[PDB]
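Written out below as structure tokens is the structure these notes cover.
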Amino acid sequence: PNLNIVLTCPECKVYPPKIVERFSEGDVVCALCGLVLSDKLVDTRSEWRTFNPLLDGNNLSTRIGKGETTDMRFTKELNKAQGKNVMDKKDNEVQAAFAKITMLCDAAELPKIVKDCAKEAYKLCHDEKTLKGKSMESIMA
Amino acid sequence: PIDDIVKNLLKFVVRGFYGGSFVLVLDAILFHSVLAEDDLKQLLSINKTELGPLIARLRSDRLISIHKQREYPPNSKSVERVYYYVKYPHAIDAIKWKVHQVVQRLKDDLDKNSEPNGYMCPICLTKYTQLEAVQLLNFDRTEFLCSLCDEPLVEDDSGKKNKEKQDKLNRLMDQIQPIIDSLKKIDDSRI
Amino acid sequence: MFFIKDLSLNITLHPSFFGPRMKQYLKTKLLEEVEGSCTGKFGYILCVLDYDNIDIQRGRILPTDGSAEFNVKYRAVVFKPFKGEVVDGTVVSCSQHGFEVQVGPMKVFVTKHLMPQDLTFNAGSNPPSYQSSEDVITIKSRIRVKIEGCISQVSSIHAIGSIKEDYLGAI
Amino acid sequence: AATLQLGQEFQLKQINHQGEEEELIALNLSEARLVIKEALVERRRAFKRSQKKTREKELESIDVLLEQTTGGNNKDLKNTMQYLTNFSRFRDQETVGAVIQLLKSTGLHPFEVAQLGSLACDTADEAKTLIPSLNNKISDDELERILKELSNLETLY
Amino acid sequence: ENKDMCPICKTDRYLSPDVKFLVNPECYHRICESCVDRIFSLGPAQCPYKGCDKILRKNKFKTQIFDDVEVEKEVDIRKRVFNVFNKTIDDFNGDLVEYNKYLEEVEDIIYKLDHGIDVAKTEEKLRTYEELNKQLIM
Ligand SMILES: [Zn+2]
Ligand SMILES: [Zn+2]
Ligand SMILES: [Zn+2]
């Protein structure tokens with residue numbers, strides 16, 4: 001398949017392209033021959049402003065909660081239902097541990113940086129017969 | 001009695017394509033026509049986790065169906081006893097149907113591997129066929145390219161796999177022979 | 001199989017040629033763009049007939065591009081291949097798996113895995129050719145092919161046949 | 001396929017541009033080839049009307065005479081004619097008409113009868129295997145004799 | 001019969017013997033439709049009749065069902081003799097003794113062909129049948 005697109009000015013083709021991108025006009029232009037290579041360039045700016053990807057990755061779960069158009073019988077029905085599928089992943093320790101370190105570093109006033117930095121360490125190993133458990137706390141602290 | 005051969009056949013398949021524990025419950029159900037639920041329970045002297053699906057498998061196998069053998073409780077109640085009605089007519093319905101299903105399936109596997117006709121590009125990991133090959137065949141390219149990756153094609157379903165399916169068939173014919181022979185011996189009377 | 005058929009077409013006459021002799025231009029465009037072309041739905045096109053009498057009724061002008069376009073219903077000569085019928089042809093090309101035969105304008109290919117057993121490829125032939133237990137098939141040899149596989153891509157058809165059964169092979 | 005079920009463009013119910021129905025228009029690779037030059041000569045006659053303001057030797061030049069007439073990117077037309085003339089075994093257009101009077105008197109679908117004409121067929125069994133559809137449609141006795149009548153019409157240049 | 005019916009459905013006497021356990025004219029063994037149809041569809045393939053290697057031919061089979069194939073083959077050999085001697089001169093002059101003698105010769109040709117214990121006239125019978133065919137063709 002090789003699944004690759006690389007711009008190349010057909011009139012020049014002199015090299016891996018020496019081109020520019022007129023973002024305001026939303027195009028790309030051969031800096032020498034001036035031919036517009038591809039047009040209708042698409043913005044990617046305003047998409048993220050509305051918005052853990054570092055550690056867990058593609059293991060997916062969506063935080064949820066009750067709605068306004070919902071009864072008390074609908075409120076605690078969801079709070080009971082939201083926990084009945086937590087078995088599917090073993091990030092539950094992590095989701096408690098990542099919570100726990102989040103409790104840990106913040107409580108003694110560590111900077112928010114350490115929160116992820118400690119998170120980086122735990123997700124790094126997370127499994128070794130050299131650990132094989134190992135009190136579950138050293139892997140935290 | 002031929003019905004015993006039906007039950008004797010039920011042991012063979014429930015011990016041939018099933019485990020050994022699958023026959024002890026089969027023994028227990030066929031031990032008595034109307035058997036109390038607890039009487040079977042005391043026989044095995046184990047939990048229901050190792051008994052439940054066995055009867056459910058037999059009821060799904062249609063060989064025996066748990067019947068509503070109604071019993072009047074002596075405490076001014078109505079609690080029935082779970083006595084299975086051994087469904088011999090449905091036994092040949094279900095068991096033989098699978099045998100007919102698997103034999104044509106293994107027959108399908110035979111001609112799939114019988115001769116390598118379809119092609120494949122290992123680079124793209126996609127299978128192809130002769131009709132794709134010819135429309136992809138070129139005068140200059142004496143082989144078959146793969147326009148997706150621009151790579152030559154290789155054949156699929158070599159001659160070895162045809163033997164494997166046949167050897168599966170030969171084992172299929174041999175291992176199902178006691179099952180069918182005990183099944184076809186029931187075909188005379190359909191009891 | 002060879003046919004003569006009555007077909008409809010839609011020519012788009014660009015405004016540049018809008019002179020009064022566009023009718024002549026229209027008759028001109030049809031011939032040079034069709035004779036020598038193929039269709040998956042109608043096969044190759046060799047010749048167009050009834051030049052004088054073709055429906056040229058009217059031209060609808062497009063919303064944009066201002067290029068008035070016409071609908072032409074015309075009768076021509078075509079070759080349309082199929083499956084399940086025998087076709088006599090000329091061996092032209094060949095590969096390791098079999099040989100390719102000229103059929104009308106189409107270059108039909110024949111593969112060994114449909115060809116008879118006694119026939120096989122013998123690279124010793126120059127040009128390369130296939131020796132059977134009875135004869136041997138060379139380039140100019142007249143070969144009748146029963147087409148068993150044909151795919152009609154739009155404007156192109158390629159056919160796969162066999163010489164397995166009787167009254168076939170070199171003629 | 002061989003069940004007389006091709007694309008609906010090739011049913012018996014064939015429609016001209018004016019909606020009229022008639023049986024499928026099918027020609028053998030000789031009868032079609034015969035119409036090729038004569039129709040093309042008419043165009044070449046019309047080409048010159050607007051301009052005013054063995055058998056192999058005559059084969060190429062006549063086709064070259066018409067290759068020159070049109071664009072010539074249809075040299076396959078010559079190749080088809082090469083495919084045709086090398087494999088067309090008829091002549092004398094009145095031959096086809098009697099053959100049409102003969103073959104179509106049998107009530108055979110024109111593609112089938114043309115395939116009888118188009119294929120250098122001699123025997124009834126020869127058509128039994130070549131044309132699977134035409135094996136028992138007609139009694140095989142008629143097959144050979146008609147083919148022999150065609151084999152009587154072998155014109156070998 | 002009881003247990004010799006097919007490589008697949010061997011115990012087919014009581015196994016609903018409805019499928020054609022036909023015999024290929026060049027194989028001489030019971031082959032069920034579960035087996036034979038797998039074979040002649042692709043062409044001349046051999047069947048695993050207890051590990052047999054004889055070729056089951058193309059769509060050219062014959063009906064032999066439950067007619068003692070070996071004796072039927074001998075009957076077929078007799079039928080082949082009956083076919084070879086379909087136009088044999090036996091009563092062309094009406095002589096019964098000559099026809100009686102002529103009938104013995106044709107049966108002996110079948111007897112030579114259908115025996116196989118020391119079959120050497122069997123090949124000669126085919127040549128004699130070919131000689132008869134030479135007489136029949138000419
Ligand atoms: Zn440039
Ligand atoms: Zn590929
Ligand atoms: Zn079988």
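Naming works like this for the structure tokens: A, B, ... for the chains as they're shown, residue 1 at the start of each chain, ligands 1 onward in shown order.
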Using DSSP on the backbone coordinates, identify all residues within range 67-115 of chain E classified as helix (DSSP H, G or I); present the result as a VMD selection string. chain E and resid 69 to 84 96 to 115
Print the selection's residues with N, CA and C atoms to a file, as a CSV table (one decimal), in the first residue's frame.
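Once written, again-v3.csv looks like this:
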chain,number,residue,atom,x,y,z
E,69,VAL,N,-22.3,-56.1,-8.7
E,69,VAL,CA,-21.4,-55.4,-9.6
E,69,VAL,C,-20.4,-56.4,-10.2
E,70,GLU,N,-19.8,-57.2,-9.4
E,70,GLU,CA,-18.9,-58.2,-10.0
E,70,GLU,C,-19.6,-59.2,-11.0
E,71,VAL,N,-20.7,-59.7,-10.5
E,71,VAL,CA,-21.5,-60.5,-11.5
E,71,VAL,C,-22.1,-59.6,-12.5
E,72,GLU,N,-22.5,-58.4,-12.1
E,72,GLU,CA,-23.0,-57.4,-13.1
E,72,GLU,C,-21.9,-57.1,-14.1
E,73,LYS,N,-20.6,-56.9,-13.7
E,73,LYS,CA,-19.5,-56.8,-14.6
E,73,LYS,C,-19.4,-58.0,-15.5
E,74,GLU,N,-19.5,-59.2,-14.9
E,74,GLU,CA,-19.6,-60.4,-15.7
E,74,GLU,C,-20.8,-60.4,-16.6
E,75,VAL,N,-22.0,-59.9,-16.1
E,75,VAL,CA,-23.1,-59.7,-16.9
E,75,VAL,C,-22.8,-58.6,-17.9
E,76,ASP,N,-22.1,-57.5,-17.5
E,76,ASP,CA,-21.7,-56.5,-18.4
E,76,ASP,C,-20.7,-57.1,-19.5
E,77,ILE,N,-19.8,-58.0,-19.0
E,77,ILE,CA,-19.0,-58.7,-19.9
E,77,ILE,C,-19.8,-59.6,-20.9
E,78,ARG,N,-20.8,-60.2,-20.3
E,78,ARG,CA,-21.8,-60.9,-21.1
E,78,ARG,C,-22.6,-59.9,-22.0
E,79,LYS,N,-23.0,-58.7,-21.4
E,79,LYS,CA,-23.6,-57.7,-22.2
E,79,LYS,C,-22.6,-57.1,-23.2
E,80,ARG,N,-21.3,-57.0,-22.8
E,80,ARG,CA,-20.3,-56.7,-23.8
E,80,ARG,C,-20.2,-57.7,-24.9
E,81,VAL,N,-20.2,-59.0,-24.5
E,81,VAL,CA,-20.3,-60.1,-25.4
E,81,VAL,C,-21.6,-60.0,-26.2
E,82,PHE,N,-22.7,-59.7,-25.5
E,82,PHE,CA,-24.0,-59.4,-26.2
E,82,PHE,C,-23.9,-58.2,-27.1
E,83,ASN,N,-23.2,-57.2,-26.7
E,83,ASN,CA,-22.9,-56.0,-27.5
E,83,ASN,C,-22.0,-56.3,-28.7
E,84,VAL,N,-20.9,-57.1,-28.4
E,84,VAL,CA,-20.0,-57.5,-29.4
E,84,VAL,C,-20.7,-58.4,-30.4
E,96,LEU,N,-29.9,-74.3,-35.9
E,96,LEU,CA,-29.9,-74.2,-34.4
E,96,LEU,C,-28.6,-74.7,-33.8
E,97,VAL,N,-28.1,-75.9,-34.3
E,97,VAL,CA,-26.9,-76.4,-33.8
E,97,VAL,C,-25.7,-75.4,-34.0
E,98,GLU,N,-25.6,-74.8,-35.2
E,98,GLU,CA,-24.6,-73.8,-35.5
E,98,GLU,C,-24.8,-72.6,-34.6
E,99,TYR,N,-26.1,-72.2,-34.4
E,99,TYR,CA,-26.3,-71.1,-33.4
E,99,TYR,C,-26.0,-71.6,-32.0
E,100,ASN,N,-26.3,-72.8,-31.7
E,100,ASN,CA,-25.9,-73.3,-30.4
E,100,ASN,C,-24.4,-73.3,-30.2
E,101,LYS,N,-23.6,-73.7,-31.3
E,101,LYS,CA,-22.2,-73.6,-31.3
E,101,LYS,C,-21.7,-72.2,-31.3
E,102,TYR,N,-22.4,-71.3,-32.1
E,102,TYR,CA,-22.0,-69.9,-32.1
E,102,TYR,C,-22.2,-69.3,-30.7
E,103,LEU,N,-23.3,-69.6,-30.1
E,103,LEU,CA,-23.6,-69.1,-28.7
E,103,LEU,C,-22.5,-69.5,-27.7
E,104,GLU,N,-22.0,-70.7,-27.9
E,104,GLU,CA,-20.9,-71.1,-27.0
E,104,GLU,C,-19.7,-70.2,-27.1
E,105,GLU,N,-19.3,-69.9,-28.4
E,105,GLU,CA,-18.1,-69.1,-28.6
E,105,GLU,C,-18.2,-67.7,-28.0
E,106,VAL,N,-19.4,-67.0,-28.2
E,106,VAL,CA,-19.6,-65.7,-27.6
E,106,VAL,C,-19.5,-65.8,-26.1
E,107,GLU,N,-20.2,-66.8,-25.5
E,107,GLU,CA,-20.1,-66.9,-24.0
E,107,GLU,C,-18.7,-67.2,-23.6
E,108,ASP,N,-17.9,-68.0,-24.3
E,108,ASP,CA,-16.5,-68.2,-24.0
E,108,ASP,C,-15.7,-66.9,-24.0
E,109,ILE,N,-16.0,-66.1,-25.0
E,109,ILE,CA,-15.4,-64.8,-25.0
E,109,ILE,C,-15.7,-64.0,-23.8
E,110,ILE,N,-17.0,-64.0,-23.4
E,110,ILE,CA,-17.4,-63.4,-22.1
E,110,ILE,C,-16.8,-64.2,-21.0
E,111,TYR,N,-16.8,-65.5,-21.0
E,111,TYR,CA,-16.2,-66.3,-20.0
E,111,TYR,C,-14.7,-66.0,-19.8
E,112,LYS,N,-14.0,-65.9,-21.0
E,112,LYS,CA,-12.6,-65.5,-20.9
E,112,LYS,C,-12.4,-64.1,-20.3
E,113,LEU,N,-13.3,-63.1,-20.7
E,113,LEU,CA,-13.2,-61.8,-20.2
E,113,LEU,C,-13.6,-61.6,-18.8
E,114,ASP,N,-14.7,-62.3,-18.4
E,114,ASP,CA,-15.3,-62.1,-17.1
E,114,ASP,C,-14.6,-63.0,-16.0
E,115,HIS,N,-13.7,-63.8,-16.3
E,115,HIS,CA,-13.1,-64.7,-15.3
E,115,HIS,C,-11.9,-64.1,-14.7
Hey, which residues come within 6 Å of ligand 1 if we count only C-alpha atoms and all ligand atoms? Could you give them as a VMD selection string? chain A and resid 9 11 to 12 30 32 to 35
Identify all residues of range 71-103 of chain C in strand (DSSP E or B) (DSSP on the backbone) and supply them as a count of residues only. 26
Give me, as a Markdown table, the closest atom pair and its distance (Å, one decimal) for every residue of chain B within a cut-off of 8 Å of chain E, counting only C-alpha atoms, rows sorted by chain and rising number.
| residue | atom | partner | partner_atom | distance |
| --- | --- | --- | --- | --- |
| B:107 | CA | E:38 | CA | 7.9 |
| B:170 | CA | E:8 | CA | 7.7 |
| B:173 | CA | E:8 | CA | 5.5 |
| B:177 | CA | E:11 | CA | 7.9 |
| B:180 | CA | E:15 | CA | 8.0 |
| B:181 | CA | E:11 | CA | 6.4 |
| B:184 | CA | E:15 | CA | 4.9 |
| B:185 | CA | E:14 | CA | 6.4 |
| B:187 | CA | E:14 | CA | 7.1 |
| B:188 | CA | E:14 | CA | 7.0 |
Using only C-alpha atoms and all ligand atoms, which residues of chain B come within 12 Å of ligand 2, and what is the closest atom pair for each, with the distance in Å to one decimal? Give it as CSV, sorted by chain and residue number.
residue,atom,partner,partner_atom_place_in_ligand_line,distance
B:119,CA,ligand 2,1 (Zn),10.2
B:120,CA,ligand 2,1 (Zn),7.1
B:121,CA,ligand 2,1 (Zn),4.0
B:122,CA,ligand 2,1 (Zn),6.3
B:123,CA,ligand 2,1 (Zn),5.0
B:124,CA,ligand 2,1 (Zn),3.5
B:125,CA,ligand 2,1 (Zn),6.3
B:126,CA,ligand 2,1 (Zn),6.3
B:127,CA,ligand 2,1 (Zn),8.5
B:128,CA,ligand 2,1 (Zn),9.2
B:136,CA,ligand 2,1 (Zn),11.9
B:144,CA,ligand 2,1 (Zn),10.4
B:145,CA,ligand 2,1 (Zn),7.9
B:146,CA,ligand 2,1 (Zn),4.7
B:147,CA,ligand 2,1 (Zn),6.9
B:148,CA,ligand 2,1 (Zn),5.3
B:149,CA,ligand 2,1 (Zn),4.5
B:150,CA,ligand 2,1 (Zn),6.6
B:151,CA,ligand 2,1 (Zn),5.7
B:152,CA,ligand 2,1 (Zn),7.5
B:153,CA,ligand 2,1 (Zn),7.3
B:154,CA,ligand 2,1 (Zn),9.7
Residues just named, written with N, CA and C atoms as a compact mmCIF listing (two decimals), in the first residue's frame:
# COMPACT_ATOMS: atom_id res chain seq x y z
N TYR B 119 -4.94 -15.71 -6.00
CA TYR B 119 -3.60 -15.18 -5.76
C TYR B 119 -3.62 -14.28 -4.52
N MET B 120 -2.48 -13.67 -4.24
CA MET B 120 -2.34 -12.86 -3.03
C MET B 120 -1.06 -12.05 -3.13
N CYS B 121 -1.10 -10.84 -2.57
CA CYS B 121 0.09 -10.01 -2.44
C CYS B 121 0.53 -10.02 -0.98
N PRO B 122 1.65 -10.65 -0.64
CA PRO B 122 2.11 -10.63 0.76
C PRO B 122 2.37 -9.24 1.27
N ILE B 123 2.80 -8.32 0.41
CA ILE B 123 3.03 -6.94 0.83
C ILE B 123 1.73 -6.31 1.30
N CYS B 124 0.66 -6.49 0.53
CA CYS B 124 -0.64 -5.95 0.90
C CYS B 124 -1.44 -6.90 1.79
N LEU B 125 -1.04 -8.17 1.89
CA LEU B 125 -1.73 -9.15 2.73
C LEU B 125 -3.19 -9.33 2.31
N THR B 126 -3.46 -9.21 1.01
CA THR B 126 -4.80 -9.35 0.47
C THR B 126 -4.82 -10.45 -0.58
N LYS B 127 -5.83 -11.32 -0.51
CA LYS B 127 -5.98 -12.38 -1.49
C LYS B 127 -6.51 -11.82 -2.81
N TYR B 128 -6.29 -12.57 -3.88
CA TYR B 128 -6.78 -12.22 -5.20
C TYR B 128 -7.33 -13.48 -5.85
N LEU B 136 -5.33 -7.91 -14.37
CA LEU B 136 -4.07 -7.32 -13.91
C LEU B 136 -2.87 -7.85 -14.68
N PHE B 144 1.57 -11.68 -12.11
CA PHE B 144 0.44 -10.85 -11.75
C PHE B 144 0.89 -9.80 -10.74
N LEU B 145 0.74 -8.53 -11.10
CA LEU B 145 1.07 -7.45 -10.20
C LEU B 145 -0.06 -7.23 -9.20
N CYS B 146 0.19 -6.35 -8.23
CA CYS B 146 -0.82 -5.90 -7.28
C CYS B 146 -0.81 -4.38 -7.31
N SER B 147 -1.76 -3.80 -8.06
CA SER B 147 -1.75 -2.36 -8.27
C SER B 147 -1.85 -1.58 -6.97
N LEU B 148 -2.38 -2.20 -5.91
CA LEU B 148 -2.46 -1.52 -4.62
C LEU B 148 -1.08 -1.21 -4.07
N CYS B 149 -0.18 -2.19 -4.09
CA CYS B 149 1.19 -2.00 -3.63
C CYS B 149 2.20 -2.01 -4.76
N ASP B 150 1.76 -2.21 -6.01
CA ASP B 150 2.67 -2.37 -7.15
C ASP B 150 3.66 -3.50 -6.91
N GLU B 151 3.15 -4.65 -6.50
CA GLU B 151 3.97 -5.81 -6.16
C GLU B 151 3.45 -7.04 -6.90
N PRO B 152 4.34 -7.98 -7.22
CA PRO B 152 3.89 -9.23 -7.85
C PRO B 152 3.05 -10.06 -6.91
N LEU B 153 2.20 -10.90 -7.49
CA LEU B 153 1.29 -11.74 -6.73
C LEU B 153 1.88 -13.13 -6.51
N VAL B 154 1.36 -13.79 -5.47
CA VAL B 154 1.72 -15.17 -5.16
C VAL B 154 0.43 -15.96 -4.96
Can you list, as JSON, numbers by chain, every protein, DNA or RNA residue that comes within 10 Å of residue 28 in chain E when you count only C-alpha atoms, leaving out same-chain residues fewer than 2 positions away? {"E": [22, 23, 24, 25, 26, 30, 31, 54, 56, 64, 69, 70, 72, 73]}
Write out as a PyMOL selection string each polymer residue whose atoms come within 7 Å of residue 124 in chain D, counting only C-alpha atoms; drop sequence neighbours fewer than 4 positions from it. chain D and resi 128+140+143-144
Give me, as a ChimeraX atom specification, the contact residues of chain C against chain D at a cut-off of 6 Å, counting only C-alpha atoms. /C:2-4,6,36,46,83-84,86,104-105
Mind listing as JSON, numbers by chain which residues of chain C are within 12 Å of chain B, counting only C-alpha atoms? {"C": [92, 93, 94, 95, 96, 97, 98, 99, 100, 107, 108, 109, 110, 111, 112, 113, 114, 148, 149, 150, 151, 152, 153, 156, 157, 158, 159, 160, 161]}
Distance in Å - CA of residue 44 in chain B versus CA of residue 20 in chain B: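 It comes out at 12.9 Å.
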Which residue is closest to ligand 3? Choose from E:39, E:32, E:19, E:27 and count only C-alpha atoms and all ligand atoms.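 Counting only C-alpha atoms and all ligand atoms, the residue closest to ligand 3 is E:32.
Nearest-residue note for ligand 3: choosing from E:136, E:36, E:61, E:29, the minimum distance belongs to E:36, counting only C-alpha atoms and all ligand atoms.
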Residue nearest chain C - candidates E:62, E:44, E:21, E:123, atoms counted: only C-alpha atoms: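 The answer is E:44, which sits nearest to chain C.
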Determine, using only C-alpha atoms, which residues of chain A have any atom at most 10 Å from an atom of chain B, and tabulate each with its shortest atom pair and distance in Å to one decimal place, rows ordered by chain and then rising number, as a tab-separated table.
residue	atom	partner	partner_atom	distance
A:1	CA	B:149	CA	4.3
A:2	CA	B:149	CA	6.7
A:3	CA	B:149	CA	9.0
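Around residue 9 in chain C, within 7 Å and counting only C-alpha atoms, the residues found are residues 71, 72 and 73 of chain C, once anything fewer than 3 positions away on its own chain is removed.
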If you keep N, CA, C and O atoms, can you produce a file of those selected residues as a PDB file, in the first residue's frame?
ATOM      1  N   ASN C  71     -28.200  15.352 -27.630  1.00  0.00           N
ATOM      2  CA  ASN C  71     -28.439  13.927 -27.478  1.00  0.00           C
ATOM      3  C   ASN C  71     -28.523  13.319 -28.867  1.00  0.00           C
ATOM      4  O   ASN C  71     -29.346  13.741 -29.683  1.00  0.00           O
ATOM      5  N   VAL C  72     -27.673  12.335 -29.136  1.00  0.00           N
ATOM      6  CA  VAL C  72     -27.604  11.698 -30.441  1.00  0.00           C
ATOM      7  C   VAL C  72     -27.926  10.224 -30.279  1.00  0.00           C
ATOM      8  O   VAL C  72     -27.293   9.529 -29.477  1.00  0.00           O
ATOM      9  N   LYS C  73     -28.899   9.755 -31.046  1.00  0.00           N
ATOM     10  CA  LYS C  73     -29.268   8.350 -31.097  1.00  0.00           C
ATOM     11  C   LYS C  73     -28.783   7.790 -32.426  1.00  0.00           C
ATOM     12  O   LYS C  73     -29.291   8.175 -33.485  1.00  0.00           O
TER      13      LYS C  73
END
Quick one, how far is CA of residue 18 in chain B from CA of residue 30 in chain B?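 Computing it gives 17.4 Å between the two atoms.
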Fewer than 5 positions away in the same chain doesn't count, so skip those; otherwise give me all residues within 10 Å of residue 52 in chain B, counting only C-alpha atoms, as a list in words.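 Non-adjacent residues within range: residues 25, 47 and 57 of chain B.
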For range 123-137 of chain C, find every residue with an atom within 8 Å (counting only C-alpha atoms), except residues of its own chain fewer than 4 positions away, and show them as a PDB file with N, CA and C atoms, in the first residue's frame.
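The resulting file, around_13.pdb, is shown below:
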ATOM      1  N   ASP C 118      -3.380 -32.993 -21.993  1.00  0.00           N
ATOM      2  CA  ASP C 118      -2.295 -33.408 -22.878  1.00  0.00           C
ATOM      3  C   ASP C 118      -1.565 -32.213 -23.472  1.00  0.00           C
ATOM      4  N   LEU C 119      -2.214 -31.055 -23.519  1.00  0.00           N
ATOM      5  CA  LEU C 119      -1.549 -29.835 -23.947  1.00  0.00           C
ATOM      6  C   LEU C 119      -0.785 -29.233 -22.777  1.00  0.00           C
ATOM      7  N   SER C 141      -1.412 -20.161 -35.699  1.00  0.00           N
ATOM      8  CA  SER C 141      -2.365 -21.261 -35.704  1.00  0.00           C
ATOM      9  C   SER C 141      -3.762 -20.778 -35.333  1.00  0.00           C
ATOM     10  N   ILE C 143      -7.053 -20.981 -33.628  1.00  0.00           N
ATOM     11  CA  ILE C 143      -7.490 -21.635 -32.400  1.00  0.00           C
ATOM     12  C   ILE C 143      -8.895 -21.159 -32.067  1.00  0.00           C
ATOM     13  N   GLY C 169      -8.736 -26.240 -30.390  1.00  0.00           N
ATOM     14  CA  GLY C 169      -7.317 -26.278 -30.666  1.00  0.00           C
ATOM     15  C   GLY C 169      -6.984 -25.699 -32.030  1.00  0.00           C
ATOM     16  N   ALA C 170      -5.825 -26.112 -32.542  1.00  0.00           N
ATOM     17  CA  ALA C 170      -5.380 -25.659 -33.852  1.00  0.00           C
ATOM     18  C   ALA C 170      -6.345 -26.119 -34.938  1.00  0.00           C
TER      19      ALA C 170
END
